[PDB]
Amino acid sequence: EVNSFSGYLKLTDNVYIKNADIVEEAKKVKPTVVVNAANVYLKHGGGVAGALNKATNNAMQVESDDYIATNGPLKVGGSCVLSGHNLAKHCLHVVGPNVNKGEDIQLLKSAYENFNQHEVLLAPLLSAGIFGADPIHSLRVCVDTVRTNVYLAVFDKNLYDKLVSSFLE
Ligand SMILES: CC(C)[C@H](Nc1ncnc2[nH]c(Br)cc12)c1ccc2c(c1)S(=O)(=O)CCC2
């Protein structure tokens, strides 16, 4: 069955969250769209992007290199739609700002706005981890910005608990 999400906590009518690895979720759920936390040259060298590319046995990286050759790099806050390979029908590669590299946190609203072109998505928490944004702020921007149905997979129980406690204040 498509979009078989299980064990999520509903935060708002359109935002759900789970303590889970996005790779394992994409295999279990078979979503229409999985979001990748990409960079502008689609080089999936580590973290969430590296994990999703490894799960496709590098097919995502080869396809990404061909897209960049023809179209050039993405902009920070932008996105592109490529194949989902074995993980989803489509992968939406979204570039959140990397605050640790000097990029503007205000671009996180533009990043989440890309999700609104898809009815349902499995996604990570944009610009969190080594991109350096405050993860509680990223969840607030997601809730305020995304209007379609988004299922967030956050692979850390400590962070999951802090995010749910923050939302429910
Ligand atoms: C905050 C962590 C827990 C989260 N990690 C994850 N969240 C969900 N599925 C996951 N599978 C694996 Br394998 C790790 C992973 C997270 C979310 C967003 C970003 C990162 C990491 S990053 O450091 O890769 C840079 C890009 C943005």
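For the numbers below, each heavy atom of this structure counts, side chains included, while hydrogens, waters and symmetry mates do not. Counting starts at 1 for both ligands and their atoms, in listed order. Position 1 is the first residue of the sequence, and the numbers go up from there.
Not one N or O of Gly129 is nearer than 3.5 Å to an N or O of ligand 1, by distance alone. When only interatomic distances are considered, the shortest N/O to N/O separation between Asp21 and ligand 1 falls below 3.5 Å. Any N or O atom pair closer than 3.5 Å counts here, and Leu159 shares no such pair with ligand 1. The shortest N or O to N or O distance between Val154 and ligand 1 is not below 3.5 Å.
In terms of protein heavy atoms, atom 13 (Br) of ligand 1 is closest to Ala51 CB, 3.7 Å. Nearest to atom 21 (C) of ligand 1 among the protein's heavy atoms is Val48 CG2, 3.8 Å. Closest protein heavy atom to atom 9 (N) of ligand 1: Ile22 N, 3.0 Å. In terms of protein heavy-atom proximity, atom 18 (C) of ligand 1 is closest to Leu125 O, 3.1 Å. Protein heavy atom in closest approach to atom 14 (C) of ligand 1: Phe155 CD2, 3.9 Å. For atom 25 (C) of ligand 1, the closest non-hydrogen atom of the protein is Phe131 CD1, 3.5 Å. Protein heavy atom nearest atom 19 (C) of ligand 1, with residue, atom name and distance: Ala128 O, 3.4 Å. The protein heavy atom nearest to atom 8 (C) of ligand 1 is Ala153 O, 3.4 Å.
Near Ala37, meaning under 4.0 Å from one of its heavy atoms, ligand 1 places the atoms 26 (C), 27 (C). Counting the atoms of ligand 1 from 1 in the order shown, those under 4.0 Å from a heavy atom of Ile130 are 23 (O). Of all atoms in ligand 1, listed by their number and element, those nearer than 4.0 Å to a heavy atom of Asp156 are 3 (C). The ligand atoms of ligand 1 that sit less than 4.0 angstrom from a heavy atom of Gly47 are 24 (O).
A donor-acceptor pair under 3.5 Å is absent between the side-chain atoms of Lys157 and the main chain of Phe155, judged by distance alone. Although no hydrogens or angles enter the test, the distance criterion places no donor-acceptor pair under 3.5 Å between the side chain of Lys109 and the main chain of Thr145. For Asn98 (side chain) and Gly132 (main-chain N/O), no donor-acceptor pair under 3.5 Å exists by modelled atom type. Judged by distance alone, the side chain of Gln61 and the main-chain N or O of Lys54 form no donor-acceptor pair under 3.5 Å. A donor-acceptor pair is defined here as one N or O able to donate and one able to accept, closer than 3.5 Å; no such pair exists between the side chain of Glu103 and the backbone of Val76. Checked by atom type and distance alone, the side chain of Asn14 pairs as donor or acceptor with a backbone atom of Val146 at under 3.5 Å.
Counted by atom type alone, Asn53 and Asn58 present one or more donor-acceptor pairs between their side chains at under 3.5 Å. Defined by atom type and a distance below 3.5 Å, a donor-acceptor pair is missing between the side-chain atoms of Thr32 and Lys89.
Residue pairs meeting the ring pair (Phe, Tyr, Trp, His ring centres under 6.0 Å) criterion with at least one member in residues 128-154, sequence neighbours excluded: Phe5-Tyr151, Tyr8-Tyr151, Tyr16-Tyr151.
Within a 4.0 Å radius of atom 2 (C) of ligand 1, the protein has no heavy atom.
Residue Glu25 holds its CD atom at 3.5 Å from NZ of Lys18, rounded to the nearest 0.5 Å.
Looking at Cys142 and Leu126, their side chains never come closer than 4.5 Å, going by heavy atoms from C-beta outward.
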